[PDB]
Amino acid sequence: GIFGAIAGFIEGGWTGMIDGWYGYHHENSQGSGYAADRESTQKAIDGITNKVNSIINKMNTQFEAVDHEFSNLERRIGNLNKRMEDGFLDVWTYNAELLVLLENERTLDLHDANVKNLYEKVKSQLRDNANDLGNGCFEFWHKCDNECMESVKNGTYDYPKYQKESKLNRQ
């Protein structure tokens, strides 16, 4: 992948996480569970939806072929009409097929980047209070309960609060 996350340093997806495109899996004394990151997932849904609707809107005109007939002495204008109609048919077929291939590549990259950025968002808060395993997982040097976990997910994680505890356990 272009951003190296999806099918990258995070080798695979989670079938267990069904409520979002991106999210978390946590482990602590209260057990383990999956949780979707609501903000990043919704931002992606709105963007992708906007893209689809935009593509549909730009494709919202139609070229209309006609049933008009031409006599034996109208071979030229008859063939003129055919080449025209086939002409626009080839243009729009090209426009549609190329756009789909291009946008699919870019859509997948978008998701890749979002996973990478979500990872970076967590790495940034945790700092040296956690150990980066390289697979998208962080092992805390301190006890992180459910509210500690939730603070990580919503960006309010308190690094100084757990610093010395992590400091002691790390070294």
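Residue numbers here begin at 1 and follow the sequence given.
**Student:** When the C-alpha temperature factors are averaged for each of 7-15 and 144-152, which stretch ends up with the higher value in the entry?
**Tutor:** Averaging CA B-factors over each stretch, the winner is 144-152.
**Student:** What stretch has the higher average Cα B-factor here, 34-42 or 100-108?
**Tutor:** Taking the mean B-factor of the alpha carbons in each, 34-42 is higher.
**Student:** Name the one of 55, 48, 115, 137 with the greatest CA B-factor according to the PDB entry.
**Tutor:** Among 55, 48, 115, 137, the highest C-alpha B-factor in the entry belongs to 137.
**Student:** Would you mind checking where the Cα B-factor of residue 21 ranks among the modelled residues of its chain, as the lowest, middle or highest third?
**Tutor:** Middle third, going by the recorded CA B-factors of the chain.
**Student:** Report the third (lowest, middle or highest) to which the CA temperature factor of residue 73 belongs, ranking only the modelled residues of the same chain.
**Tutor:** Highest third, going by the recorded CA B-factors of the chain.
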